[PDB]
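Working notes, beginning with the structure itself.
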Number of protein chains: 2
Amino acid sequence: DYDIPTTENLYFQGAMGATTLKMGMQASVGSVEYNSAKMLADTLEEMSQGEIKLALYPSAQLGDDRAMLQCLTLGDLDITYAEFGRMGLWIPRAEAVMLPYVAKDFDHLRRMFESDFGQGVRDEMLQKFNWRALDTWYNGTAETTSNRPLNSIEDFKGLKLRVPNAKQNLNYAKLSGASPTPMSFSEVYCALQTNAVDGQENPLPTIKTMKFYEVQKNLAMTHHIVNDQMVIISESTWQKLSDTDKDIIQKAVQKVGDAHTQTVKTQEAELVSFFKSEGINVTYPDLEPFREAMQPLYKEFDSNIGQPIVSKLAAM
Amino acid sequence: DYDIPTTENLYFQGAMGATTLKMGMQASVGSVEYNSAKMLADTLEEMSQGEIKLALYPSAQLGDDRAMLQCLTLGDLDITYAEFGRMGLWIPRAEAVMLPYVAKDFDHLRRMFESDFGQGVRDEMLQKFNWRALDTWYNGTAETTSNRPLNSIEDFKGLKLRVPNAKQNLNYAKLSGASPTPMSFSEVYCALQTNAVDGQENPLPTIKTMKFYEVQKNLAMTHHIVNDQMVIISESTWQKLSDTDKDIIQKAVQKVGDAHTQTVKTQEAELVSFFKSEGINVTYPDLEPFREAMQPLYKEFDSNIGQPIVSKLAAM
């Protein structure tokens, strides 16, 4: 074909005088996640005067998050994203932070992360898996679209609410009184356009990007899942760094994270107004009957694990 | 499986108040071409102070250069790279600038681009195909590796010189007295390692990235093909822009091109020393017998096309 090196050929080529960091992510070119990673790369090159460089591998081209995190464990990848709650697959008590409605908002989720419990989870990520969590970035709060108005929890009765295969999404739809319809992402839009399904749930950027809004006349601000992305660095990569480079990385990640978090909050405000401007009916149902409907979910969790993890988290 | 928008999903999503430009390229993540494109994106964001933004699509994920150039013609892609000489597929006289040894160095090639001949080609690019060429960036001079020294053109006799299945690389190997072996890029390393082939020819960065050096014992600075990349923007995209944004674009491209050109020159000096340090024997054979050996190719071209294209170009 053409004499052009592939991404695989260049992956392990190091830069001279500079420390080349590779970062993978599932999010695609054009996403806020990818844009913030680009900003992180530019800040690192600036703060380090070219001595730290960042190469980006989006769209899960290196594998999914499970594979990419393994690569950090083994030193084959330097940085990746992973949700705080996603740690639950490896450290079961971490799942508590992604049960529907446990995090009231991102300030609450941030406090969970920075607490002794969060530090406990982060210490175990590092001891077992060589995952050093540098920061948590707000990545959006899920809301509920639908083909009829959602003014109260009473309205979910008889709602066929699309939900992905994930356990907590399913817990949300069922414990709310709706009837969950598990389904792959690529089939949601159509399912809603023909009203083969009644609604779905996702953060506002996903609803905009997938154009779900044009097949849904209503949006309810259910605030049922607050999402984050942690920025994780491989511990083997970290210990190779001078204390100067360590500090540049920590400060660059904090700075980009503040901007990322602020950007997501900004986008959510614009999308609500964009959805209203398109004719969508936006409701703010009382959330307390949703938080009470999740109460059996919570004490179940605290029982099997044997510790009051969820109740601890709700008081933070 | 996951609720994560794809690159396809995000491609046509716009930014509010900002003009989203989309850039495709064959070069992969980690290449100098890709890195300069990220610098162009950062410069546009800063000089437009948020009003112009650039999304990058590397590794030919959008198609090859022929497909990407067509996408500019039709308005589906905004910016891409193409070699000045690559225009010869569409505008036949443009091929003259990539015949072996016509361009003595990049200053010569730049003068070719900026002259009335170059302006004539660039005008035809724009009139027929909606390609506005903004600038030309030096992209490296090809050199010759081998398993025995090349001190003069005489040494090319009986040399198994790998070349890609491309007209002008073939002409180089043939007219130099070597015996060309057309060959796909992916197999080149191995043929060289087992000495199944004697040598190849490529810019120094390709030689390092593919690690041909650990397999070849000699490097001859034959300087036989000076390469560039033009930065082309879709004319339909261009006319949508304000005169203010046009100038930001035009002059951001100049700044990044100066740095790209200087960066490729820096790497070439770097790699010659790296190759020597690895034990490679680096020769500087007299190039005049190579340029004379290309002479029947030149007037052949000037004859078929019917005008002294190559002659005009050599005197520039």
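In the structure tokens, each chain is lettered A, B, ... as it comes, each chain's residues begin at 1, and ligands are numbered from 1 in order of appearance.
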
Per residue of stretch 38-109 of chain B within 12 Å of stretch 3-18 of chain A, what are the shortest atom pair and its distance in Å to one decimal, counting only C-alpha atoms, with rows by chain and residue number, as JSON lines?
```
{"residue": "B:58", "atom": "CA", "partner": "A:7", "partner_atom": "CA", "distance": 9.2}
{"residue": "B:59", "atom": "CA", "partner": "A:6", "partner_atom": "CA", "distance": 7.0}
{"residue": "B:60", "atom": "CA", "partner": "A:6", "partner_atom": "CA", "distance": 9.8}
{"residue": "B:61", "atom": "CA", "partner": "A:7", "partner_atom": "CA", "distance": 11.4}
{"residue": "B:64", "atom": "CA", "partner": "A:4", "partner_atom": "CA", "distance": 11.4}
```

For this session: Can you pull out every residue within 8 Å of residue A:103, counting only C-alpha atoms, but drop anything in the same chain fewer than 3 positions away, and send it as a PyMOL selection string?
Result: chain A and resi 97-98+100+106+108-109+225-226+314

For this session: Return as a ChimeraX atom specification the residues belonging to chain B that are within 9 Å of chain A, counting only C-alpha atoms.
Result: /B:1-11,13,26-31,38-39,42,55-57,59,164-166,183-186,202,206,208-210

Based on DSSP run over this structure's backbone, return all residues of stretch 63-238 of chain B in strand (DSSP E or B), as an mmCIF file with N, CA, C and O atoms, in the first residue's frame.
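Below is the file that was written, states-v2.cif:
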```
data_model
loop_
_atom_site.group_PDB
_atom_site.id
_atom_site.type_symbol
_atom_site.label_atom_id
_atom_site.label_comp_id
_atom_site.auth_asym_id
_atom_site.auth_seq_id
_atom_site.Cartn_x
_atom_site.Cartn_y
_atom_site.Cartn_z
ATOM 1 N N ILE B 79 -10.490 20.046 6.044
ATOM 2 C CA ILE B 79 -9.055 20.180 5.845
ATOM 3 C C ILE B 79 -8.440 18.800 5.672
ATOM 4 O O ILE B 79 -8.854 17.839 6.327
ATOM 5 N N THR B 80 -7.454 18.702 4.790
ATOM 6 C CA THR B 80 -6.659 17.493 4.702
ATOM 7 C C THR B 80 -5.287 17.865 4.163
ATOM 8 O O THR B 80 -5.034 19.016 3.782
ATOM 9 N N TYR B 81 -4.391 16.879 4.194
ATOM 10 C CA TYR B 81 -3.042 16.947 3.653
ATOM 11 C C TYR B 81 -3.003 16.296 2.275
ATOM 12 O O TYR B 81 -3.659 15.280 2.033
ATOM 13 N N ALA B 82 -2.167 16.843 1.400
ATOM 14 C CA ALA B 82 -1.848 16.180 0.144
ATOM 15 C C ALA B 82 -0.513 16.710 -0.344
ATOM 16 O O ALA B 82 -0.246 17.910 -0.255
ATOM 17 N N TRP B 131 -10.371 22.825 -4.004
ATOM 18 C CA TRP B 131 -9.231 22.676 -3.108
ATOM 19 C C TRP B 131 -8.485 24.006 -3.039
ATOM 20 O O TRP B 131 -7.876 24.428 -4.024
ATOM 21 N N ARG B 132 -8.525 24.669 -1.884
ATOM 22 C CA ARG B 132 -7.734 25.874 -1.659
ATOM 23 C C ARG B 132 -6.481 25.469 -0.892
ATOM 24 O O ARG B 132 -6.561 25.055 0.268
ATOM 25 N N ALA B 133 -5.328 25.570 -1.542
ATOM 26 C CA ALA B 133 -4.070 25.186 -0.910
ATOM 27 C C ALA B 133 -3.563 26.354 -0.077
ATOM 28 O O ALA B 133 -3.338 27.445 -0.613
ATOM 29 N N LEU B 134 -3.402 26.142 1.233
ATOM 30 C CA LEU B 134 -3.041 27.245 2.123
ATOM 31 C C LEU B 134 -1.538 27.386 2.320
ATOM 32 O O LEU B 134 -1.066 28.483 2.636
ATOM 33 N N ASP B 135 -0.773 26.319 2.119
ATOM 34 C CA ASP B 135 0.625 26.299 2.521
ATOM 35 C C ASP B 135 1.196 24.941 2.149
ATOM 36 O O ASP B 135 0.455 23.982 1.916
ATOM 37 N N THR B 136 2.521 24.872 2.098
ATOM 38 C CA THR B 136 3.230 23.617 1.917
ATOM 39 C C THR B 136 4.222 23.459 3.062
ATOM 40 O O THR B 136 4.929 24.408 3.416
ATOM 41 N N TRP B 137 4.235 22.273 3.659
ATOM 42 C CA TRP B 137 5.082 21.957 4.800
ATOM 43 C C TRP B 137 6.083 20.888 4.390
ATOM 44 O O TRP B 137 5.688 19.853 3.839
ATOM 45 N N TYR B 138 7.366 21.137 4.658
ATOM 46 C CA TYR B 138 8.407 20.144 4.406
ATOM 47 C C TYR B 138 8.085 18.857 5.145
ATOM 48 O O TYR B 138 7.749 18.876 6.331
ATOM 49 N N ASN B 139 8.158 17.729 4.447
ATOM 50 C CA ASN B 139 7.832 16.479 5.116
ATOM 51 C C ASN B 139 8.925 15.431 4.961
ATOM 52 O O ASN B 139 8.642 14.234 5.093
ATOM 53 N N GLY B 140 10.151 15.847 4.683
ATOM 54 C CA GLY B 140 11.260 14.918 4.768
ATOM 55 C C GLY B 140 11.795 14.491 3.405
ATOM 56 O O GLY B 140 11.047 14.322 2.429
ATOM 57 N N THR B 141 13.109 14.283 3.351
ATOM 58 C CA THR B 141 13.810 13.838 2.156
ATOM 59 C C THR B 141 14.144 12.355 2.279
ATOM 60 O O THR B 141 14.662 11.919 3.314
ATOM 61 N N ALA B 142 13.838 11.586 1.230
ATOM 62 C CA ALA B 142 14.110 10.150 1.241
ATOM 63 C C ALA B 142 15.603 9.884 1.109
ATOM 64 O O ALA B 142 16.332 10.635 0.455
ATOM 65 N N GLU B 143 16.063 8.821 1.765
ATOM 66 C CA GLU B 143 17.458 8.388 1.748
ATOM 67 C C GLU B 143 17.495 6.869 1.583
ATOM 68 O O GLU B 143 16.467 6.202 1.633
ATOM 69 N N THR B 144 18.685 6.299 1.415
ATOM 70 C CA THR B 144 18.808 4.907 0.987
ATOM 71 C C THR B 144 19.594 4.089 2.004
ATOM 72 O O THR B 144 20.772 4.371 2.252
ATOM 73 N N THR B 145 18.947 3.073 2.583
ATOM 74 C CA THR B 145 19.616 2.108 3.455
ATOM 75 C C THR B 145 20.002 0.848 2.674
ATOM 76 O O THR B 145 19.481 0.576 1.589
ATOM 77 N N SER B 146 20.909 0.061 3.251
ATOM 78 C CA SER B 146 21.413 -1.111 2.544
ATOM 79 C C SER B 146 22.304 -1.949 3.456
ATOM 80 O O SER B 146 22.766 -1.495 4.507
ATOM 81 N N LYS B 160 19.499 -5.096 -4.805
ATOM 82 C CA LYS B 160 18.088 -5.450 -4.607
ATOM 83 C C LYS B 160 17.419 -4.312 -3.848
ATOM 84 O O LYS B 160 17.289 -4.346 -2.625
ATOM 85 N N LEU B 161 16.995 -3.284 -4.582
ATOM 86 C CA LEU B 161 16.452 -2.071 -3.963
ATOM 87 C C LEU B 161 14.936 -2.181 -3.880
ATOM 88 O O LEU B 161 14.234 -2.036 -4.883
ATOM 89 N N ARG B 162 14.433 -2.434 -2.675
ATOM 90 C CA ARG B 162 12.996 -2.391 -2.447
ATOM 91 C C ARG B 162 12.457 -0.995 -2.721
ATOM 92 O O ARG B 162 13.064 0.013 -2.353
ATOM 93 N N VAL B 163 11.303 -0.953 -3.378
ATOM 94 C CA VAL B 163 10.548 0.282 -3.584
ATOM 95 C C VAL B 163 9.077 -0.030 -3.447
ATOM 96 O O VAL B 163 8.644 -1.168 -3.676
ATOM 97 N N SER B 179 18.254 -2.733 -9.233
ATOM 98 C CA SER B 179 17.157 -3.535 -9.759
ATOM 99 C C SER B 179 15.959 -3.458 -8.816
ATOM 100 O O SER B 179 15.994 -4.036 -7.716
ATOM 101 N N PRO B 180 14.899 -2.746 -9.187
ATOM 102 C CA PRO B 180 13.792 -2.531 -8.253
ATOM 103 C C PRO B 180 13.090 -3.826 -7.889
ATOM 104 O O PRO B 180 12.965 -4.748 -8.698
ATOM 105 N N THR B 181 12.629 -3.889 -6.644
ATOM 106 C CA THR B 181 11.735 -4.952 -6.193
ATOM 107 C C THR B 181 10.518 -4.269 -5.586
ATOM 108 O O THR B 181 10.517 -3.936 -4.392
ATOM 109 N N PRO B 182 9.477 -4.018 -6.382
ATOM 110 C CA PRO B 182 8.213 -3.538 -5.812
ATOM 111 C C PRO B 182 7.790 -4.434 -4.658
ATOM 112 O O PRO B 182 7.986 -5.651 -4.692
ATOM 113 N N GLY B 199 18.278 -3.461 0.243
ATOM 114 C CA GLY B 199 18.023 -2.166 0.846
ATOM 115 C C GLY B 199 16.648 -1.631 0.500
ATOM 116 O O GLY B 199 15.839 -2.300 -0.150
ATOM 117 N N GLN B 200 16.400 -0.399 0.955
ATOM 118 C CA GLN B 200 15.165 0.340 0.684
ATOM 119 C C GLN B 200 15.485 1.835 0.704
ATOM 120 O O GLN B 200 16.642 2.240 0.860
ATOM 121 N N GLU B 201 14.450 2.660 0.543
ATOM 122 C CA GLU B 201 14.584 4.111 0.487
ATOM 123 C C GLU B 201 13.341 4.775 1.085
ATOM 124 O O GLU B 201 12.215 4.398 0.751
ATOM 125 N N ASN B 202 13.547 5.751 1.966
ATOM 126 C CA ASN B 202 12.475 6.398 2.717
ATOM 127 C C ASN B 202 13.079 7.538 3.526
ATOM 128 O O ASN B 202 14.281 7.522 3.813
ATOM 129 N N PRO B 203 12.269 8.534 3.904
ATOM 130 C CA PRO B 203 12.757 9.554 4.840
ATOM 131 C C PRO B 203 13.224 8.924 6.141
ATOM 132 O O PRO B 203 12.752 7.862 6.555
ATOM 133 N N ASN B 218 24.140 0.178 6.460
ATOM 134 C CA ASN B 218 24.603 1.394 5.818
ATOM 135 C C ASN B 218 23.436 2.315 5.507
ATOM 136 O O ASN B 218 22.303 1.865 5.304
ATOM 137 N N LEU B 219 23.738 3.613 5.470
ATOM 138 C CA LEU B 219 22.801 4.651 5.049
ATOM 139 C C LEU B 219 23.528 5.585 4.092
ATOM 140 O O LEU B 219 24.597 6.117 4.419
ATOM 141 N N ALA B 220 22.954 5.762 2.912
ATOM 142 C CA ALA B 220 23.464 6.670 1.903
ATOM 143 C C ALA B 220 22.533 7.871 1.841
ATOM 144 O O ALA B 220 21.310 7.709 1.751
ATOM 145 N N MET B 221 23.110 9.073 1.935
ATOM 146 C CA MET B 221 22.330 10.308 1.858
ATOM 147 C C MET B 221 22.162 10.662 0.380
ATOM 148 O O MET B 221 22.796 11.565 -0.172
ATOM 149 N N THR B 222 21.285 9.894 -0.270
ATOM 150 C CA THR B 222 21.020 10.072 -1.690
ATOM 151 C C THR B 222 20.150 11.285 -1.988
ATOM 152 O O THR B 222 20.135 11.735 -3.135
ATOM 153 N N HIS B 223 19.406 11.801 -1.001
ATOM 154 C CA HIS B 223 18.590 13.007 -1.184
ATOM 155 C C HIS B 223 17.752 12.936 -2.464
ATOM 156 O O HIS B 223 17.672 13.903 -3.221
ATOM 157 N N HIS B 224 17.129 11.786 -2.731
ATOM 158 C CA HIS B 224 16.577 11.588 -4.063
ATOM 159 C C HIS B 224 15.135 12.059 -4.238
ATOM 160 O O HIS B 224 14.704 12.244 -5.385
ATOM 161 N N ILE B 225 14.375 12.241 -3.158
ATOM 162 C CA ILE B 225 12.999 12.726 -3.240
ATOM 163 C C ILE B 225 12.782 13.668 -2.064
ATOM 164 O O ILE B 225 12.918 13.258 -0.904
ATOM 165 N N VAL B 226 12.482 14.931 -2.348
ATOM 166 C CA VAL B 226 12.115 15.893 -1.312
ATOM 167 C C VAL B 226 10.593 15.905 -1.225
ATOM 168 O O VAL B 226 9.916 16.149 -2.228
ATOM 169 N N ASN B 227 10.051 15.609 -0.040
ATOM 170 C CA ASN B 227 8.610 15.512 0.168
ATOM 171 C C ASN B 227 8.050 16.749 0.847
ATOM 172 O O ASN B 227 8.745 17.469 1.571
ATOM 173 N N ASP B 228 6.752 16.958 0.639
ATOM 174 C CA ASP B 228 6.024 17.993 1.344
ATOM 175 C C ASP B 228 4.647 17.460 1.708
ATOM 176 O O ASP B 228 4.240 16.379 1.278
ATOM 177 N N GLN B 229 3.928 18.234 2.517
ATOM 178 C CA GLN B 229 2.483 18.091 2.658
ATOM 179 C C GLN B 229 1.877 19.474 2.492
ATOM 180 O O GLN B 229 2.308 20.427 3.149
ATOM 181 N N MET B 230 0.918 19.593 1.584
ATOM 182 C CA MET B 230 0.141 20.815 1.480
ATOM 183 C C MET B 230 -0.966 20.766 2.521
ATOM 184 O O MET B 230 -1.446 19.695 2.892
ATOM 185 N N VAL B 231 -1.361 21.923 3.010
ATOM 186 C CA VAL B 231 -2.554 22.030 3.835
ATOM 187 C C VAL B 231 -3.651 22.594 2.934
ATOM 188 O O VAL B 231 -3.558 23.730 2.457
ATOM 189 N N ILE B 232 -4.671 21.785 2.669
ATOM 190 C CA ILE B 232 -5.758 22.133 1.762
ATOM 191 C C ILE B 232 -7.033 22.269 2.578
ATOM 192 O O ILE B 232 -7.326 21.418 3.430
ATOM 193 N N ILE B 233 -7.787 23.339 2.326
ATOM 194 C CA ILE B 233 -9.098 23.534 2.934
ATOM 195 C C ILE B 233 -10.156 23.525 1.837
ATOM 196 O O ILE B 233 -9.908 23.963 0.707
ATOM 197 N N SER B 234 -11.326 22.977 2.169
ATOM 198 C CA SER B 234 -12.453 22.953 1.243
ATOM 199 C C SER B 234 -12.921 24.368 0.939
ATOM 200 O O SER B 234 -13.164 25.167 1.852
#
```

List every residue of stretch 172-275 of chain B that DSSP, applied to the backbone of this structure, assigns to alpha helix (DSSP H), and report them as a PDB file with C-alpha atoms, in the first residue's frame.
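Saved as out.pdb:
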```
ATOM      1  CA  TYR B 172      14.627   6.147  -8.968  1.00  0.00           C
ATOM      2  CA  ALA B 173      15.727   2.551  -8.401  1.00  0.00           C
ATOM      3  CA  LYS B 174      15.695   1.717 -12.127  1.00  0.00           C
ATOM      4  CA  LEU B 175      17.492   4.829 -13.403  1.00  0.00           C
ATOM      5  CA  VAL B 188       9.978  -4.543   4.034  1.00  0.00           C
ATOM      6  CA  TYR B 189      11.559  -5.082   7.465  1.00  0.00           C
ATOM      7  CA  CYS B 190      11.674  -8.815   7.191  1.00  0.00           C
ATOM      8  CA  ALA B 191      13.114  -8.995   3.724  1.00  0.00           C
ATOM      9  CA  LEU B 192      15.881  -6.757   4.999  1.00  0.00           C
ATOM     10  CA  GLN B 193      16.441  -8.730   8.253  1.00  0.00           C
ATOM     11  CA  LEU B 204      14.782   9.082   8.000  1.00  0.00           C
ATOM     12  CA  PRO B 205      11.734   9.236  10.356  1.00  0.00           C
ATOM     13  CA  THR B 206      10.158   6.293   8.541  1.00  0.00           C
ATOM     14  CA  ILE B 207      13.473   4.422   8.781  1.00  0.00           C
ATOM     15  CA  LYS B 208      13.552   4.915  12.562  1.00  0.00           C
ATOM     16  CA  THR B 209       9.855   4.237  13.227  1.00  0.00           C
ATOM     17  CA  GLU B 235     -13.466  26.019  -0.729  1.00  0.00           C
ATOM     18  CA  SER B 236     -17.095  25.611   0.321  1.00  0.00           C
ATOM     19  CA  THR B 237     -15.927  25.697   3.943  1.00  0.00           C
ATOM     20  CA  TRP B 238     -13.701  28.697   3.184  1.00  0.00           C
ATOM     21  CA  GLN B 239     -16.391  30.991   1.801  1.00  0.00           C
ATOM     22  CA  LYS B 240     -18.633  30.468   4.840  1.00  0.00           C
ATOM     23  CA  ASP B 243     -12.691  37.739   6.640  1.00  0.00           C
ATOM     24  CA  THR B 244     -11.536  37.740  10.282  1.00  0.00           C
ATOM     25  CA  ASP B 245     -11.567  33.939  10.569  1.00  0.00           C
ATOM     26  CA  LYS B 246      -9.967  33.506   7.134  1.00  0.00           C
ATOM     27  CA  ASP B 247      -6.961  35.473   8.362  1.00  0.00           C
ATOM     28  CA  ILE B 248      -6.764  33.542  11.642  1.00  0.00           C
ATOM     29  CA  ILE B 249      -6.792  30.293   9.654  1.00  0.00           C
ATOM     30  CA  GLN B 250      -4.345  31.460   7.000  1.00  0.00           C
ATOM     31  CA  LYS B 251      -1.842  32.705   9.483  1.00  0.00           C
ATOM     32  CA  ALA B 252      -2.233  29.869  11.988  1.00  0.00           C
ATOM     33  CA  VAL B 253      -1.330  27.495   9.140  1.00  0.00           C
ATOM     34  CA  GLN B 254       1.808  29.545   8.364  1.00  0.00           C
ATOM     35  CA  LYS B 255       2.966  29.477  11.982  1.00  0.00           C
ATOM     36  CA  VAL B 256       2.429  25.744  12.395  1.00  0.00           C
ATOM     37  CA  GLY B 257       4.040  25.106   8.994  1.00  0.00           C
ATOM     38  CA  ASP B 258       7.190  27.024   9.947  1.00  0.00           C
ATOM     39  CA  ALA B 259       7.378  24.926  13.110  1.00  0.00           C
ATOM     40  CA  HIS B 260       6.550  21.698  11.245  1.00  0.00           C
ATOM     41  CA  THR B 261       9.231  22.373   8.618  1.00  0.00           C
ATOM     42  CA  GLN B 262      11.808  23.269  11.283  1.00  0.00           C
ATOM     43  CA  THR B 263      10.803  20.165  13.286  1.00  0.00           C
ATOM     44  CA  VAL B 264      11.371  17.814  10.336  1.00  0.00           C
ATOM     45  CA  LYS B 265      14.796  19.386   9.698  1.00  0.00           C
ATOM     46  CA  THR B 266      15.639  18.991  13.403  1.00  0.00           C
ATOM     47  CA  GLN B 267      14.644  15.313  13.372  1.00  0.00           C
ATOM     48  CA  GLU B 268      16.706  14.641  10.251  1.00  0.00           C
ATOM     49  CA  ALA B 269      19.838  15.962  11.981  1.00  0.00           C
ATOM     50  CA  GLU B 270      18.812  13.992  15.083  1.00  0.00           C
ATOM     51  CA  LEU B 271      18.389  10.667  13.259  1.00  0.00           C
ATOM     52  CA  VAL B 272      21.632  10.816  11.264  1.00  0.00           C
ATOM     53  CA  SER B 273      23.416  11.038  14.618  1.00  0.00           C
ATOM     54  CA  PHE B 274      21.235   8.338  16.132  1.00  0.00           C
ATOM     55  CA  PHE B 275      21.944   6.050  13.172  1.00  0.00           C
TER      56      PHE B 275
END
```

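Separating atom CA of residue B:53 from atom CA of residue A:43 is a distance of 17.2 Å.
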
Seminar exercise, completed: A straight line from atom CA of residue B:155 to atom CA of residue B:294 spans 16.6 Å

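Put simply, atom CA of residue A:62 is 6.7 Å away from atom CA of residue A:24.
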